[PDB]
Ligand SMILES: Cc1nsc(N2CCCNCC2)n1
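The chain below stands alone, shown as structure tokens; this is the form deposited without the ligand.
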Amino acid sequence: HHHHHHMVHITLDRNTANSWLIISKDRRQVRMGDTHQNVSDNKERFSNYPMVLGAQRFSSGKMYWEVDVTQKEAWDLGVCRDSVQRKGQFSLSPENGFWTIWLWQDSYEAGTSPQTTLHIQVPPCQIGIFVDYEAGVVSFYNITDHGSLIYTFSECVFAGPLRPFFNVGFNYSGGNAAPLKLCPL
């Protein structure tokens, strides 16, 4: 792909984070803490899952960023509407305002309803995410495998401003403590 020149500097929005997340001083890394991180509750925080949003809101144009997922066993990545549900249980789907892929139990899947199996021969250590607002496209790229395409959502009905979306996943296994990191331009 040739999307690198649409690179945007994403930072994480602390106020949206699940109360167990630890976001770095530079707001570029996030991992699961082993306890509540001593913050007040608010209506923005994701309550049920270890999720956080980017601070940036996109309503036009082409945007590209990269995320490091080295040594994680589970995570979700993509974009979502600014008005997605924060509290309680929900599935990641375009009907609920999410355009995402994930790793879970040694398989990669796109967050369609129902979910779609991905075909990845080289497990990625870094993921590239491309959004074309006007075209209604969200695409995912395998940076470890020379930028190969992972998945394209097309005919997207965003129906609102978009925010970068992250889930570091639970760490029940003791093998999923590693952070998500926003990679430099």
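Position 1 is the first residue in the sequence shown; the rest follow in order.
Keep in mind the form deposited with the ligand bound is missing from the figure; the text below concerns it.
Quiz item: 150, 53, 127, 32: which sits within 4.5 Å of the ligand in the deposited bound form by any heavy atom?
Solution: By the 4.5 Å criterion, the partner-contacting residue is 32.
Quiz item: Using 4.5 Å between non-hydrogen atoms, is residue 48 touching the ligand in the deposited bound form?
Solution: Yes - in the deposited bound form, heavy atoms of residue 48 and the ligand come within 4.5 Å of each other.
Quiz item: Quick one: does residue 16 come within 4.5 Å of the ligand in the deposited bound form, counting heavy atoms only?
Solution: Contact with the ligand, no.
Practice problem: Using the arrangement in the deposited bound form, list in sequence order the residues of 162 to 185 with any heavy atom within 4.5 angstroms of the ligand. | Solution: The stretch 162 to 185, when checked against the ligand in the deposited bound form, contributes 170, 172 at the 4.5 Å heavy-atom cut-off.
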